[PDB]
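In: experimental structure below, sequence on top.
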Amino acid sequence: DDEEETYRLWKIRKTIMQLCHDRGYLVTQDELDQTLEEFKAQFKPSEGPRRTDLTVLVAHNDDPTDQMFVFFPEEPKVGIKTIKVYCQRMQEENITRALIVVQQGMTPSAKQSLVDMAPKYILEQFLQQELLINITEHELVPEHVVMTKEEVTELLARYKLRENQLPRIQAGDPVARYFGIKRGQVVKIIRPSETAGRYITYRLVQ
Amino acid sequence: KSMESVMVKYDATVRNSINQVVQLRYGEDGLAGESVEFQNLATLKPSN
Amino acid sequence: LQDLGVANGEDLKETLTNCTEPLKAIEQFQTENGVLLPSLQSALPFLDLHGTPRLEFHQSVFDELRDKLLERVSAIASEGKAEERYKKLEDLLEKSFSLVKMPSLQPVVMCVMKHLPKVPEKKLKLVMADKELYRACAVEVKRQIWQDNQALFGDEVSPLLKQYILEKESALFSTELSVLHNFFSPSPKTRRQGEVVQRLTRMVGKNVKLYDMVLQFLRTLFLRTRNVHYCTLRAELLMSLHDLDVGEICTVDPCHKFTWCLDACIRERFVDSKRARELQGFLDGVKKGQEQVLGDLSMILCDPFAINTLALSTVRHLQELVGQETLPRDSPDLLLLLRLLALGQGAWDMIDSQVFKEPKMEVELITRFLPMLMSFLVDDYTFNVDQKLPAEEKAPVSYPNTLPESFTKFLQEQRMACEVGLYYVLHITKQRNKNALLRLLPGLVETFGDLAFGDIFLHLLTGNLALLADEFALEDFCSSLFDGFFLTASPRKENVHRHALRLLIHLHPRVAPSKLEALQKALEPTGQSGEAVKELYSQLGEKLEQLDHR
Amino acid sequence: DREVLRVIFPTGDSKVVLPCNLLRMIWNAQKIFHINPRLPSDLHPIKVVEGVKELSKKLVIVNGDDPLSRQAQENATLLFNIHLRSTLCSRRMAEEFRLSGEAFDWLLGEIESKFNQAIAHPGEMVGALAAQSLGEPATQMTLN
Amino acid sequence: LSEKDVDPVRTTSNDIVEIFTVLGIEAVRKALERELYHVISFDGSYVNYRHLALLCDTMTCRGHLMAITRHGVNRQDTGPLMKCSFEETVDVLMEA
Amino acid sequence: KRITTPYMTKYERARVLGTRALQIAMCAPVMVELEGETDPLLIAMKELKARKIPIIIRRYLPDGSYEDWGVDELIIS
């Protein structure tokens, strides 16, 4: 359906903007507040925009040298030729961080290609379905903040521990994928507590 | 048996036989369940 | 008051003195000088009837209505037409400039000029001239004055710069020896929260010409004082402007895109190949006729933390290239590092005379000095692999502790090779291999420009010596550090004396009192040095007293 | 603190669990020192504020002084400090409790001692304790 | 959650593995705590929250769910003698 | 700078009283003047209230290190 297609695409873009804003990337306020009719106005979708045209490039606030692509595929299952096109465009623009949606699934050979080409080109598959909602806004998920290495070492020295002793967070879980953190990262999680007010924990990515 | 070795160790951290930290402070407050009791927060419900 | 035909105290005096009718005149004064609304006049006798003075009513409504004037100028700040805004603001300005001399109506003029980007020149001149007005005027007036008066802008930056150099000297000579904390520990954002840079950014606002005045001040200071610290502030100012996101200055300063990479590297204290390529492009983007920015870049590269970044990147590149079996001539990324560091080290030469040509490198640095570092490193690792291999017979050969002296010739002839060798010395001190350490400790005694006896390497060596805290148990090692190297420049250079003295402060308990007293008598101030070395000597005497009780 | 509790407790329920009863301790101070609320009291409000601040310093769950340690110390005693400040505001102290200065000092000392006694002792096997205390209610449960 | 006019804040489930797949580990911890609080408070009985928090943290300590049965528990990196105490002992002593 | 609490846990109280009572039962010297007592438990409690037991507690911190505490240094509650 064309109407629900534009509604889905608008919420997709909104969730993407909220995501990379949470990742510290440079996101303008208007795209964070972009509405459905505004999403129509900037561009009906089916047999009219494109998943290649909808793709966006965002800069990192901390480091303007770093940029992140968000791609969308025009095909149901992303094929190796599309991965080749995306990574070659990344090579032409000298970028390594790229996010790629999938309409309903990914070819397993493309999964192998993703994990094989990871260090030279960091790619993350992402379901359209899971991307339809910003899961971070749920009531059950507490507030997550990615820690940096100085914070990690100062915490570890403050408690005289090792990375082994901390509680873990599986890297495949959707919140880590939302933040895009890798193995070795550690996330500070602030949550409300009905016996102390606030509670801070630290989860090591694995 | 699953929760056998979980213990409040000095510096008041909840840790297991593996020495992995489970809670930085027991019950998120480092307070035993004995002395605590019911009180009311007087500033929650009243109007501005 | 009399500028607008308003009766002041002098009118009251000339109506009071030489007047045989005080009652009539005072009654007419109180009636005529009331508030011009009819409804109050019915109530003013009743207001006063209780013995309540009308004073309190006057003061309360004075505060209220003046606050409402402030609120309404704040409202018209971004209301409707700019023409209507500035017309009404200039009207109120010229009206209350009569009352700017008053202590209670001056804030009205302050707020009005705070809402004006530019003002008539006479008002600015009176604000500047009258010291009470200038001390009581907001910086919005001062930005325009400095846009037409560079002298007071220099006068304002000068004490802030004095305090900055004072804190820089204290931090470079902060007596606390530890690997964790030193002068180079603070993050760039931590160093950019200084009040000096924030005040300078407020004093510049978003005007290019004030930024150019700050630039020329920094040029004068760095050149005449021969002090790199001002250059750091320049970069900080730019990044503070980048933190403010002023496109008027971000889009005109071509070194802004350079300092993207400089910030991203100096926070890491390492130049990765990506930012190296970016810096290469920025250098290649410099066209003819606009090469002055190269001098600025060299000035921006004269920041000592950037020297630390480049030197450590060179040292770590040379450390990792041994595993890959790649010579320094076979390292284009390393060659780019050498290029950038050479362009950085000649900065004061480029400000002293407007040199916009690249400094040249040394062939023997590529082919003799850095391969001699590699020679030492890989002899050390071959010895280590032999140690990790069993079956070593009695009286094994020591690591070769002979020093090739062309290495030292390059140390004492090339400031480039000198400083990278100093950072290599600090890095091996982190590796804490005594054999190579005492191998190369000779020859560091004579070095180029006294860079081995300067603040940077001395402070870093004192910081790294905490790892060698227990290595002072050998008097041979202590004599090698003190009698060998440190005390060569202690009498003749003040900073070397201070650094050796603070080293004795930290390492007094971990040496015998005989050696401690020997180094104390060797670190007596020469009778003409600063107060710091004498205070350190007094602390040395106190610590020597305290050790006998333990 | 009121806004903070609105964030923490959107359910708008005041019943919470805390190491010490402040109302009954105020009552005990009143009856020990025979305080008559039908009289104008003598308690200085700024003394109440200063004593509350000093007691807040005295109650420590997370030891050490650094940004992380002080942040954790704030978070641990956040709710109890909010409850204490709400209960022992100078308004209600001078309006309804009417407590005396010596009685107020005794109250601060008693709250300090009882809070310090309420700390979870190290060496406690809270694991098995939680396991048994959660297994016991299972013995009496209707099967729906 | 993807359907229109469905509040994606308060919407929730009583299943646990669903929350692990879609929401995340800490959300599973909170939902587990709420479910245990509901089933304990159903009959009016009250239990101190700290015990529930301890159990929920122990179950969610690994970044993934760990059932208290032998399948979940025996995977835990404990000593083999814990596995002697649990059940299915010799099956673990052979691997030891 | 012993970072642990200055209080005596109930488990520490139990162990120190039991050990000192056994010591007194083994004809140890009594570091407090008794008052006609015969049970070692009461004598150990009297010494604990007097803060006159020569035992030193060694609390093992979870990182392998430890703190040492005199009984009189800890807060007996």
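Out: Received, thanks. Numbers count the residues shown, from 1 in each chain, chains lettered A, B, ... in the order given.

In: nearest spatial neighbour of residue C:303, chain-adjacent residues omitted?
Out: residue C:232 (4.4 Å; Cβ to Cβ, 6 or more residues apart in numbering or on different chains). C-beta: built from backbone N, CA, C; applies to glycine.

In: name the residue of chain F that lies nearest to chain D.
Out: When scored by Cβ to the nearest Cβ, chain F has residue F:9 as its residue closest to chain D, at 4.0 Å.

In: residue contacts, that residue?
Out: D:121, D:122, D:123 (Cβ atoms under 8 Å, 6 or more residues apart in numbering or on different chains).

In: next: residue C:230.
Out: Contacts for residue C:230 (Cβ under 8 Å, 6+ apart) come out as C:161, C:164, C:218, C:221, C:222.

In: in JSON lines: the contacts of residue F:9, plus secondary structure, neighbour count and distance to chain E.
Out: Formatted as JSON lines, the contacts of residue F:9 follow (DSSP: H, G, I helix; E, B strand; the rest coil; neighbours: other Cβ atoms under 10 Å in any protein chain shown; distance: Cβ to the nearest Cβ, whole Å):
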{"residue": "D:121", "secondary structure": "coil", "neighbour count": "20", "distance to chain E": "14"}
{"residue": "D:122", "secondary structure": "coil", "neighbour count": "23", "distance to chain E": "15"}
{"residue": "D:123", "secondary structure": "coil", "neighbour count": "15", "distance to chain E": "16"}
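
In: ok so, going back, what about the residue nearest to residue C:303, how many neighbours?
Out: Number of residues near residue C:232 (other Cβ atoms under 10 Å in any protein chain shown) recorded here: 25.

In: thought residue C:304 was touching it, still the case?
Out: Yes. Using Cβ atoms under 8 Å, residue C:232 is in contact with residue C:304, at 7.3 Å.

In: give me the element whichever residue of chain E sits closest to chain D is part of.
Out: For chain E and chain D, the shortest gap (Cβ to the nearest Cβ) falls at residue E:51, measuring 3.7 Å. Here residue E:51, judged by DSSP states H and E, is contained in helix E:49-59.

In: output the contacting helices and strands for that helix.
Out: strand B:21-23, helix D:126-135, helix E:25-41 (3 or more Cβ pairs under 8 Å, 6 or more residues apart in numbering or on different chains; DSSP states H and E).

In: would you mind finding the most buried of those?
Out: Mean neighbour count (mean count of other Cβ atoms under 10 Å in any protein chain shown) peaks for strand B:21-23 among these, with a mean of 24.

In: what sits closest to the closest residue to chain B within chain E if chain neighbours are left out?
Out: For chain E, the residue closest to chain B is residue E:50, as judged by Cβ to the nearest Cβ, at 2.8 Å. Leaving aside its sequence neighbours, residue E:50 sits nearest to residue B:27 (Cβ to Cβ, 6+ apart; 2.8 Å).

In: distance of the one you found from chain F?
Out: Residue B:27 sits 17 Å away from chain F, taking Cβ to the nearest Cβ, to the nearest Å as the criterion.

In: so that residue makes contact with residue E:53?
Out: Yes. Using Cβ under 8 Å, residue B:27 is in contact with residue E:53, at 6.0 Å.

In: higher neighbour count, those two?
Out: residue B:27 (27 against 24).

In: residues contacting that one?
Out: Contacts for residue B:27 (Cβ under 8 Å, 6+ apart) come out as A:195, A:196, B:33, D:120, D:126, E:48, E:49, E:50, E:51, E:53, E:54.

In: over to residue B:45?
Out: Residue B:45 neighbours (Cβ under 8 Å, 6+ apart): D:12, D:14.

In: for the closest residue in space to residue C:511 that isn't next to it in sequence, the count of nearby residues, please.
Out: Excluding the flanking residues, the one nearest residue C:511 by Cβ to Cβ, 6+ apart is residue C:472, at 5.2 Å. Taking other Cβ under 10 Å as the criterion, the count of residues near residue C:472 is 21.

In: correct me, but residue C:472 touches residue C:508?
Out: No. In this structure, residue C:472 is not within contact of residue C:508 by Cβ under 8 Å, at 9.9 Å.

In: quickly list what's touching both of the two.
Out: Counting by Cβ under 8 Å, 6+ apart, nothing touches both residue C:472 and residue C:508.

In: ok, which of the helices and strands packed on helix E:49-59 comes nearest residue A:100?
Out: Closest to residue A:100 of the helices and strands packed on helix E:49-59 is helix E:25-41 (Cβ to Cβ; 24.6 Å).

In: how close does residue D:137 sit to chain C?
Out: Taking Cβ to the nearest Cβ, one finds residue D:137 at 51 Å from chain C.

In: about what we covered before: which of the contacts of residue F:9 sits closest to residue E:96?
Out: Looking across those and measuring by Cβ to Cβ, the closest to residue E:96 is residue D:123, at 29.5 Å.

In: ok, now which ones touch the closest one?
Out: Contacts of residue D:123 by Cβ under 8 Å, 6+ apart are B:7, B:8, B:9, B:10, F:9, F:11, F:12.

In: most surrounded residue in these?
Out: residue B:8 (26 neighbours).

In: surely the residue nearest to residue C:511 is in a strand?
Out: No. Residue C:472 sits outside any strand when classified using DSSP: H, G, I helix; E, B strand; the rest coil, being helix.

In: show me what contacts it?
Out: C:478, C:507, C:510, C:511.

In: what's the last one sitting at in phi/psi?
Out: Main-chain dihedrals, residue C:511, degrees, to the nearest 10: phi -140, psi 160.

In: can you tell me how far it is from residue C:459?
Out: Noted for residue C:511: a distance of 21 Å to residue C:459, by Cβ to Cβ, to the nearest Å.

In: I'd like to know how far residue C:225 sits from residue C:219.
Out: Distance, residue C:225 to residue C:219, using Cβ to Cβ: 11 Å.

In: which one of those two has more residues nearby?
Out: Between residue C:225 and residue C:219, counting by other Cβ under 10 Å, residue C:219 is the more crowded of the two (17 against 12).

In: might you name the residue of chain D sitting closest to chain C?
Out: Closest residue of chain D to chain C, Cβ to the nearest Cβ: residue D:67 (12.9 Å).

In: can you name the residue of chain B nearest chain D?
Out: When you check chain B against chain D by Cβ to the nearest Cβ, the closest residue turns out to be residue B:6, at 2.9 Å.

In: C-terminal to the helix holding residue E:51, what's the next element?
Out: Downstream of helix E:49-59, the next assigned helix or strand under DSSP H and E is helix E:70-74.
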